[PDB]
Number of protein chains: 2
Amino acid sequence: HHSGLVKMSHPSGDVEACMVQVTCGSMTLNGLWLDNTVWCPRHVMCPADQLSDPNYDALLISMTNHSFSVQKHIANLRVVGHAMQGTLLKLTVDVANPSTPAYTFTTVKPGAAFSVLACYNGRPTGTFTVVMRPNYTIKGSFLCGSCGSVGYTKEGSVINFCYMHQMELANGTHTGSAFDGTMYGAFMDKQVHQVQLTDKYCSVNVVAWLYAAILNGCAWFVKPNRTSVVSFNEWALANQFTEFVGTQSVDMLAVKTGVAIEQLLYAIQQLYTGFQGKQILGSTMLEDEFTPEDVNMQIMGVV
Amino acid sequence: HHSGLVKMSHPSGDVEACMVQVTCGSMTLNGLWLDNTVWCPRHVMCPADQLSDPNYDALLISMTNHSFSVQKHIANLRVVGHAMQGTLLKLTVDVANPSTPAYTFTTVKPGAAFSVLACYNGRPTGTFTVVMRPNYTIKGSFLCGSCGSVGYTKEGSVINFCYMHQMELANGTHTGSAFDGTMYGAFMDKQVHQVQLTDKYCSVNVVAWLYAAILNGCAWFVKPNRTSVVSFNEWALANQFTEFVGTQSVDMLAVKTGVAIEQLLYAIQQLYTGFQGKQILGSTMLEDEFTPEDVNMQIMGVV
Ligand SMILES: *[C@@H](O)[C@H](C[C@@H]1CCNC1=O)NC(=O)[C@H](CC(C)C)NC(=O)OC[C@H]1C[C@@H]1C1CCCCC1
Ligand SMILES: *[C@@H](O)[C@H](C[C@@H]1CCNC1=O)NC(=O)[C@H](CC(C)C)NC(=O)OC[C@H]1C[C@@H]1C1CCCCC1
């Protein structure tokens, strides 16, 4: 039986019309054009021989307006102002984007999913969805020239930009910046080795996934036994699980299936020690890349 | 270590501008507007009390041009002609779509991936990628009102439309029509129980995935032993695997890694009997939802 769950990304058309190319003569990467502003990673100012320990303050002051070349590839935007906000540049251009969607800037939290538009030379090439890992990495698909690719969610017709790609880690995962300029987690936009925090199972997403199995007729794991939220979180600390915090989306799943959150917290404790040769939605390991909102939307048709 | 592999869909913007709403007063579903033509599933003509055994020939002749209401939701298109091609309708409208992309119609084969734009009331709501299963189903995410949602691939700037969604099967998977009007496999667009063919591992995609592991430093399974293509296909018949057929995309992976196709065919035979407690790219079961082209593009940056 198929769960009806897929990695679902938002339609990318609105964000495609906001992508541009930004180059300083050394690096070429992507920028996000909204109204008269173009956002892009600041290491575009960084020469090839300075990516490991740049002085961005000295690099910024060394730049002028025409130091930045901004190009629409699917035109030329004259830069009339430039500023630095943390790990991002805020370029002011003479023409405003006539296709600027309604948007906000928002930081995304661990366990929440968002859609990414991978671009190269300002040309969108593919879209996918990821969940922010507890260690503030994402398991994306990025190559050289992908920096400036953006991640976002959508509430109604409003696009909530939450991620601009910056780099890849030694273990293959990726991280980037929020549009307030900060990097997620404790990462720095410097091409050097960096400490990486441990990853953890997103307990709330594991609960959403077990609810998806029940909604598809799969419930062998559901036992009448219960684990309280308090006792589970204490258990979670000693087993590399995130601490569980219920939401209205999870409560809706509990009402629909008739299975209380606490029953599944007990199941997670038992399934973590082993599946005992059985499968859940065609899997032998716990899944945490689907959110409660993904289950409500894709299976129950509720947004 | 992260493989760098994600379910990667094409950017949906070009196809978003082609979606419309089509209704006959009973069902509401989606249509694809290209030039002066709107394609949609033919069961839009079907009353609610006739979805299990309709007479589409009698239903079509019972319709006139103004029987069909076509609406753009992101306008009204006056229908000036209507025709039936297999399981699809071919509506002719007075205005041509000014955003018609360069396109072709192409049938997709088992094991090949394509991107789907899920729409409701002509409004695009999400995009995802699937592989055509050997039994001509897809493991998608579709609810009521999703029919008319389209699947496609992209060669350059040319969009190759390959799928229009029609129905869901009893086991939860989905199937639909090619744009020549035929349903994939032996399925019929009738809301009745239907025989379902067995699913199989896509051997060529399993080989692509093992190559992705090698490209990420994971090769414990690679033994010097080899299985020939001929002997593997004979084995495949008795084990619910597709018969392997190499391509240039697979040969490129063999050259890059230095591991011959035949070594991995032997590995598949051994891994199928059990992983022996080890993991490949964080998995304990064979993966076949990534194509050789996915590995070449996402990891090697080759299209
Ligand atoms: C965009 O410019 C680019 C996107 C990267 C390249 C490959 N995959 C991606 O996602 N970003 C970078 O090249 C950054 C630039 C720095 C200044 C932020 N650098 C980077 O991503 O490093 C690649 C990691 C392999 C490197 C580190 C591993 C451990 C030893 C130190 C280097
Ligand atoms: C689009 O109109 C819609 C999309 C479906 C609905 C739910 N998920 C989907 O992908 N398509 C349908 O409703 C078709 C219409 C027929 C005329 C082609 N019917 C359908 O999808 O049936 C749903 C399967 C549960 C039904 C069968 C299971 C086994 C017993 C017979 C019915």
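Conventions used here
Residues numbered from 1 in each chain as written, not as in the entry; some residues may be left out. Chains lettered and ligands numbered in written order. Heavy atoms only, no water. Residues with missing side-chain atoms left out of burial classes, pairs and counts. Least-squares fit on C-alpha atoms. Contact = heavy atoms within 4.5 Å. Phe/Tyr/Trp six-rings, centres within 6.5 Å; stacked < 30°, edge-to-face > 60°. Helix = DSSP H or I, 4+ residues; strand = E, 2+ residues; numbered from the N terminus. Buried < 20%, exposed > 50% of the residue type's maximum accessible area, 1.4 Å probe, protein only. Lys NZ or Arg CZ within 6 Å of the ring centre and 35° of its normal. Nonpolar A, V, L, I, M, F, W, Y, C, P; charged D, E, K, R; others polar. Near = heavy atom within 4 Å. Polar contact = N/O pair within 3.5 Å; in protein donor to acceptor, adjacent residues only side chain to side chain. Areas by Shrake-Rupley, 256 points an atom, 1.4 Å probe, with all protein chains shown as cover. Salt bridge = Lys/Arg side-chain N within 4 Å of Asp/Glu carboxyl O. Pairing = 2+ DSSP bridges. Core = buried A, V, L, I, M, F, W, Y, C linked by side-chain atoms within 4.5 Å. Axes fitted to C-alpha atoms, helices over the stretch in contact; angles between N-to-C directions. Parallel < 35°, antiparallel > 145°, perpendicular 65-115°, else oblique. Domains from an automatic or database assignment. Disulfide = S-S within 2.5 Å.

Peer 1: Explanation requested: the relation of the copies chain A and chain B in the structure shown.
Peer 2: One chain copy maps onto the other through a rotation about an axis and a shift parallel to that axis. Of the transformation superimposing chain A on chain B, the axial component is 0.0 Å and the angular component is 180 degrees, with the fit at an RMSD of 0.0 Å. Expressed as a symmetry operation, the mapping of one chain copy onto the other fits a two-fold axis. Residue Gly13 of chain A, judged by its C-alpha, is the member of chain A lying nearest the rotation axis, at 1.9 Å. Mapped onto chain B, 100% of the interface residues of chain A are again interface residues, and the two copies thus contact each other with one and the same surface.

Peer 1: Honestly, the packing of aromatic side chains in this entry has me stumped. Any pointers?
Peer 2: We describe a pair of aromatic rings using the distance from one ring centre to the other and the angle between the two ring planes. Following the criterion strictly, the structure yields 38 aromatic pairs over all chains and no others. Aromatic side chains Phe105 of chain A and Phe179 of chain A sit 4.9 Å apart centroid to centroid with 5 degrees between the ring planes, which places their arrangement in the stacked category. With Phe105 of chain A in strand β8 (residues 103-105) and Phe179 of chain A in the loop between β13 (174-177) and α3 (203-215), the pair connects residues that are 74 residues apart, well separated along the chain. The buried category is assigned to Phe179 of chain A, whose relative accessible area is 4%. For the ring pair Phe241 of chain A and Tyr272 of chain A, a centre distance of 4.8 Å and an interplane angle of 90 degrees mean the geometry is edge-to-face. Separated by 31 residues along the polypeptide, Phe241 of chain A in the loop between α4 (229-237) and α5 (248-257) and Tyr272 of chain A in helix α6 (residues 261-272) bring together distant segments of the chain. For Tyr272 of chain A, a relative accessible area of 34% translates into the label partly exposed. Among the aromatic side chains, those forming a connected cluster through ring pairs are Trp39, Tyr103, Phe105, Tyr152, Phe161 and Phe179 of chain A. It is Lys7 of chain B that lies over the ring of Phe290 of chain B; its NZ or CZ is 5.8 Å from the centre.

Peer 1: Honestly, the interface of chain A and chain B in this entry has me stumped. Any pointers?
Peer 2: When the parts of a complex come together, some accessible area is lost, and that lost area is often used as the size of the interface. Listed as interface residues are 35 residues of chain A and, on the opposing side, 35 residues of chain B. If you list the elements that add at least two residues to the side of chain A that touches chain B, you get α1 (13-16), β10 (123-131) and α7 (292-298) of chain A. The greatest single-element share of the side of chain A that touches chain B, amounting to five residues, is contributed by β10 of chain A. Of the residues in the side of chain A that touches chain B, the class split is eleven nonpolar, 21 polar and three charged.

Peer 1: Would you mind showing me how to read the site of ligand 1 here?
Peer 2: Residue and element names in this part refer to chain A. By nearness alone, 19 residues border ligand 1, and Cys147, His165, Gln166, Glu168 and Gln191 come closest of all. A distance of 3.4 Å is found between a nitrogen atom of ligand 1 and a backbone nitrogen or oxygen belonging to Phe142. At a separation of 2.6 Å, an oxygen atom of ligand 1 approaches a polar side-chain atom of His165. For ligand 1, whose unbound accessible area comes to 720 Å², protein coverage reaches 78%.

Peer 1: Just to check I follow, could you spell out the pattern of salt bridges for this structure?
Peer 2: Close approach of charged atoms lets side chains of opposite charge pair. Residue and element names in this part refer to chain A. Going through the model one piece at a time under the given rule, you end up with ten salt bridges over all chains. Here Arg42 makes a salt bridge to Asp189, at a shortest N to O gap of 2.8 Å. Note on accessibility: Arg42 and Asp189 belong to one class, buried. We note a salt bridge from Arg133 to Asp288, for which the minimum N-O separation is 2.9 Å. Within this pair, whereas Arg133 is found in the loop between β10 and β11 (150-155), its partner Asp288 is found in the loop between α6 and α7, the two being separated by 155 residues in sequence. Accessibility assignment for this pair places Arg133 and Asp288 in one class, buried.

Peer 1: Help me understand the pairing of strand β7 (residues 88-93) of chain A, please; the structure alone is not making it clear to me.
Peer 2: A regular strand places its side chains so that they alternate between the two faces of the sheet. All names here are of chain A. The pairing of strand β3 (residues 37-41) with β7 spans five bridges and is antiparallel. Along β7, the bridge assignment pairs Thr37 with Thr92. Alignment of strand β6 (residues 79-85) against β7, held across six bridges, turns out to be antiparallel. When the bridges of β7 are listed, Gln85 appears paired with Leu88. Taking the residues that link successive antiparallel strands as the turn, the β6-β7 hairpin has two residues, and the phi of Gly86 there is positive, at about 65 degrees.

Peer 1: Would you mind going over the site of ligand 2 with me for this structure?
Peer 2: Residue and element names in this part refer to chain B. In the region of ligand 2, 19 residues are neighbours, and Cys147, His165, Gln166, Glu168 and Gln191 sit closest. In this structure, an oxygen atom belonging to ligand 2 sits 2.9 Å away from a main-chain N or O atom of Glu168. In isolation ligand 2 has 720 Å² of accessible area, and contact with the protein removes 78% of it. A per-element tally of the shell around ligand 2 places strand β12 (residues 158-168) first, with four residues. Looking at the shell around ligand 2 residue by residue, the classes come out as nine nonpolar, seven polar and three charged.

Peer 1: Would you take a moment to explain the nonpolar core for this structure?
Peer 2: Counting 33 residues, the largest nonpolar core has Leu210, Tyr211, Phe221, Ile268 and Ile280 of chain B as its most contacted members. The set of elements that each furnish at least two residues to this core consists of α3 (203-214), α4 (229-237), α5 (248-257) and α6 (261-272) of chain B. Setting aside chain neighbours within four positions, we find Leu210 of chain B in contact with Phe221, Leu264, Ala267, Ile268, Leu271 and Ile280 of chain B. Counting 32 residues, the second largest nonpolar core, distinct from the first, contains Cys218, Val250, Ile268 and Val295 of chain A.

Peer 1: Honestly, the packing of α3 of chain A against α6 of chain A in this entry has me stumped. Any pointers?
Peer 2: Angle between the axes and distance between the axes are the two parameters that describe a pair of packed helices. Residue and element names in this part refer to chain A. Viewed as axis vectors pointing N to C, α3 and α6 meet at an angle of 105 degrees, and their least axial separation amounts to 10 Å. As judged from the angle between their axes, α3 and α6 are roughly perpendicular. Side by side, α3 and α6 meet where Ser203, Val206, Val207, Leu210, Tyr211 and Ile214 of the first sit next to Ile261, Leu264, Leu265, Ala267, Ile268 and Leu271 of the second.

Peer 1: Honestly, the domain arrangement of chain A in this entry has me stumped. Any pointers?
Peer 2: Along its sequence, chain A is organised into domain 1 (12-93) and domain 2 (203-300). When each unit is reduced to the centre of its C-alpha atoms, the spacing between domain 1 of chain A and domain 2 of chain A is 43 Å.

Peer 1: What's the story with the sheet that holds strand β7 (residues 88-93) of chain B in this structure? I'm lost.
Peer 2: Strands belonging to one sheet form pairs held by backbone hydrogen bonds; the direction of such a pair is parallel or antiparallel. Here seven strands make up an open sheet; going across it, the order is β5-β4-β1-β2-β3-β7-β6 (chain B) and the pairing antiparallel. Lying at the two open borders of the sheet, with one neighbouring strand each, are β5 (76-77) and β6 (79-85) of chain B.

Peer 1: For this particular structure, what's the right way to read the state of the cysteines?
Peer 2: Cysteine pairs can be covalently joined through their sulfur atoms, and such a bond is termed a disulfide. Residue and element names in this part refer to chain A. Taken as a whole and judged by the stated rule, the model has zero disulfides over all chains. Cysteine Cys162 is unpaired, with the sulfur of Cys119 as its nearest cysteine sulfur at 14 Å. The class for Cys162 is buried, based on a relative accessible area of 3%.

Peer 1: Help me understand the environment of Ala254 of chain A, please; the structure alone is not making it clear to me.
Peer 2: All names here are of chain A. By the secondary structure assignment, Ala254 is in helix α5. Here the alpha-carbon distance between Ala254 and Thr129, two residues 125 residues apart in the chain, equals 25 Å. Here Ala254 is in contact with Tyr211 and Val259, once residues within four sequence places are set aside.

Peer 1: What am I meant to see in the sheet that holds β7 of chain A here?
Peer 2: Residue and element names in this part refer to chain A. An order of β5-β4-β1-β2-β3-β7-β6 is seen for the seven strands of this open sheet, with the pairing classed as antiparallel. Because the sheet does not close on itself, it has two edges, and the strands there are β5 (76-77) and β6. Summarising the sheet, strand β1 (residues 19-23) and strand β2 (residues 28-34) pair through five bridges and their orientation is antiparallel. Pairing of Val22 across the sheet is with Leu29, part of β2.

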